[PDB]
């Protein structure tokens, strides 16, 4: 293995036939600095610190992803059309900070060991889909070339509200639901 003080992915480049869809993002020490919205041609930094002080032109991403599309076609033929193997994702739900009823907090749903990078992550509050106060990371790279993805739900902890993170992936026989509840 390579031991180093800091590891950066100055180019997590992704393209896949399903969709088709792609992703361009930069990482530093395992956290996402930005992704490029390929449809809108915009660099979307993951911290307000980064947008104020750092520049990245989205055209670099569009160019590189177009090459990935070319490379993918070439290796599909070279591999005699070898399709990706579905992996079984691993899901964990936890809060961002210690839970106190009435104090704004954040639920975190970590979907780990994702491959291929096609997944549904849905928050349920008392059995119903919730999109308000929901955000998520891009696909974050892993050293074994699978991915993980994290979704967030901002919520007010209350004794009368329970939550589920619903994950749908081809490696699962059925939607996987990880349940979470406050102190009481």
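Numbering follows the first chain given and starts at 1. Rigid core (definition): largest C-alpha set, two forms, superposition within 1.5 Å.
With every structure aligned by its rigid core, 131-139 is the stretch of 131-139 and 24-32 whose CA positions lie farther away in 4 other deposited structures of this protein. For the two regions 68-76 and 81-89, the entry's Cα B-factors average higher over 81-89. Remark: stretch with higher mean C-alpha B factor among 45-53 and 142-150 is 45-53. Of the candidates 134, 121, 156, 62, the PDB record gives 156 the highest C-alpha temperature factor. Residue 10: CA B factor in the lowest third of modelled residues in this chain (values from the PDB entry). In the deposited entry, the Cα temperature factor of residue 114 places it in the middle third of its chain's modelled residues. Remark: residue 106 belongs to the middle third of its chain, ranked by C-alpha B-factor as recorded. Among the modelled residues of the chain, residue 18 sits in the middle third by CA temperature factor in this PDB entry. Split the chain's modelled residues into thirds by C-alpha temperature factor. Residue 24 is in the lowest one.
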